[PDB]
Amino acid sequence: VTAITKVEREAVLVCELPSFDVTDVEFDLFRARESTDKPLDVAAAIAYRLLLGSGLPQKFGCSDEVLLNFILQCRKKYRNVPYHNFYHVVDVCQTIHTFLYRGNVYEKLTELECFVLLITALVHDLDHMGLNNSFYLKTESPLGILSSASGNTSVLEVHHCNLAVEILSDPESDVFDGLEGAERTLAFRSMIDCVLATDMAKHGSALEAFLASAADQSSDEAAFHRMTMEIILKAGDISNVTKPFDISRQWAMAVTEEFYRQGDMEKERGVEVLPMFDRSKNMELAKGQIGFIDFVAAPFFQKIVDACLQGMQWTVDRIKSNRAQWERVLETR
């Protein structure tokens, strides 16, 4: 992987983000992308500002330049897909920053854990091609065959981890180069455990383990910390429904288009197409958002908030407000 140039760095550094508070729960990444004709530079400047603003990189021997090289090495490995692109991982980074610092989840974790979570956000979907794990297994693609042969069905999550390790293997983009011994091991292991926990096939088991640890005053402390990190990266990853309605809706449209493009490819390869992925099904956004709220997001956010993360109550409130707004879309159709 090629060194990041001075010119690439300088193109991010000129972005001043006038009128944006990247720390705010109502921060609007779509408005930031519309603000200039260099949205990839603005997105990188958001991630850079969130990471320096935390004060964390400085504390772990990570220079401004190495941090920016890391961000641009991550950026080069996202594809032009509708949803799982650089804007998604910057959104997850910004969202996690709000959970940590507006939701006071930083109180549950060490500074190192907080740093790892923010850095993990940016690696967690590296080289996503807008196809889910099921597509690779159903089509017996080479990556699918390798996952089956090697005994790990988390096809994409293992791939993202491989590319994160590649980026961090060069000192010029290793945000963990300031660490050694146990701290460096913890940074890599916790980053990798977090990315592997984003596989939605593990959703219920991950949530259940976190809830049982939070309820147990004798839980192993290292295990509680790791599960809190995993749960925060999962929370960031399914946070679209916790955002103001019009942000929530723009994410939902990007997701649907990505799913439709998968369904198109599955049709042309003659494998099973789920109704969600079928253009011709014409399923209404309102009903899909209400369904995802009722069966996945509202129970997830309500359970973690009640178990332990009381400061993230605003997520449960916004989901309830977004569900009521989708209900008004159905009521007036």
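From 1 onward, residues are counted along the sequence shown. C-alpha atoms forming the largest set that superposes within 1.5 Å between two forms make up the rigid core.
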{"query": "Segment of greater CA departure in 9 other deposited structures of this protein, 263-271 or 279-287, core superposed", "finding": "279-287"}
{"query": "Higher-B stretch (mean Cα B-factor, as the entry records it), 147-155 or 88-96", "finding": "147-155"}
{"query": "Segment of higher mean CA temperature factor, 301-309 or 265-273", "finding": "265-273"}
{"query": "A32, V296, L68, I290, ranked by C-alpha B-factor: the highest one", "finding": "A32"}
{"query": "Highest-ranked of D193, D237, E180, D174 once sorted by CA temperature factor in the record", "finding": "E180"}
{"query": "Third of the chain, ranked by Cα B-factor, where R75 sits", "finding": "middle"}
{"query": "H225 CA temperature factor, ranked by third within the chain", "finding": "lowest"}
{"query": "Ranked against its chain, the third holding the CA B-factor of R323", "finding": "lowest"}
{"query": "Assigned third (lowest, middle, highest) for the C-alpha B factor of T185", "finding": "lowest"}
{"query": "Lowest, middle or highest third - CA B-factor, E107", "finding": "middle"}
